[PDB]
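Okay, here we've got a single chain as structure tokens, the form deposited in one PDB entry, with questions on binding and movement later.
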């Protein structure tokens, strides 16, 4: 139902084009595959959620002997057209359906995919990627191999105030004669439930990031149903902490070289941008204080996660929580 919409979203060539036009994304995948040609020459490769098939062609440019491209949306029909018109019907085989349901005729030497949603984990496609390892030969590789999530406290008073400014629409005792003000708190709540997807100046960050690593070769599908990310930040600056910023890097660890794709705010912008989660109430922290807590991600049935963030300044005991709905963010860009 929710999944109906998820796969229809990816049936649009315009959504494929948005990702293809991300040059950092598309070019880094090309370079990771090509410059690791020994991982692909004459190999059998599985492309999980191939969309238009761009990754499958990159594996063919690298010399792969057979490429199974699995795609569940109507986009599979468009990739088929592309395979024929590029004369690769020998080397690339499009398989319509979910990776969890299709039948592959052999095991593969390497799995390739672009399974990262914003904040990495949205869409829960990492689980389909991990599930595909049931087709991975022993000692096969995964491209990408590693994913690092980073989180860091930020201060951004204008972003925080923007929330009450939008919800104060409801604080009118006479909107065309109607008292709206009893909904103001519900409206505040609704805005704070949304992660804020856009980029930002790195001068809002107040501590070195915490890194949480998922190893795609080692992880199991079940390991992503619940992601506990403890953190303890040593605050490099004093200020009001308004929430946590998130970005992610992935690594393609090939035989020839390791290529990184970063969505860090210190790196060229990508179509993933970065993600920020506001706290209920900001926390005052001195430089030298430690800010500790947990960011808990609980998979849900809308192909996404409920996000629970609890934090406290250890030196004073002031704490804040928040609960966010990652499926429904504010695309502030």
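We call the rigid core the largest set of C-alpha positions that still match within 1.5 Å between the two forms. Positions refer to the first chain, counted from 1.
Query - Stretch with the greater mean C-alpha B-factor as recorded in the entry, comparing 302-310 against 282-290 - result: Mean C-alpha B-factor is greater for 282-290.
Query - Mean Cα B-factor comparison, 184-192 or 71-79, giving the higher one as deposited - result: According to the entry, 71-79 carries the higher average C-alpha B-factor.
Query raised in the report: According to the deposited entry, which of 224, 178, 205, 161 has the largest Cα B-factor?
Result: Among 224, 178, 205, 161, the highest C-alpha B-factor in the entry belongs to 161.
Query raised in the report: Which has the highest CA B-factor per the PDB entry: 152, 229, 102, 120?
Result: Of 152, 229, 102, 120, 102 has the highest C-alpha B-factor.
Query - For residue 49, the third of its chain into which the C-alpha B factor falls - result: Tercile = middle for this residue's CA B-factor.
Query raised in the report: Split the chain's modelled residues into thirds by Cα B-factor; is residue 63 in the lowest, middle or highest one?
Result: It belongs to the highest third of the chain when residues are ordered by C-alpha B-factor.
Report task. Using the B-factor values recorded in the entry, state whether the Cα atom of residue 249 falls in the lowest, middle or highest third among the modelled residues of its chain. Result -> For residue 249, whose C-alpha B-factor we compare with every modelled residue in the chain, the answer is the middle third.
Query raised in the report: In terms of the chain's CA B-factor thirds, is residue 43 lowest, middle or highest?
Result: Its C-alpha B-factor, which the entry lists for residue 43, ranks in the highest third among residues of this chain.
Query raised in the report: Lowest, middle or highest third of the chain for the C-alpha temperature factor of residue 110?
Result: According to the entry, residue 110 has a C-alpha B-factor in the chain's highest third.
Not pictured, yet referred to below: the form deposited in another entry.
Query raised in the report: Superposing on the rigid core, which residue among 215, 172, 77, 107 shifts its Cα by at least 2 Å between this form and the one not shown?
Result: After core superposition, the single residue displaced by 2 Å or more is 172.
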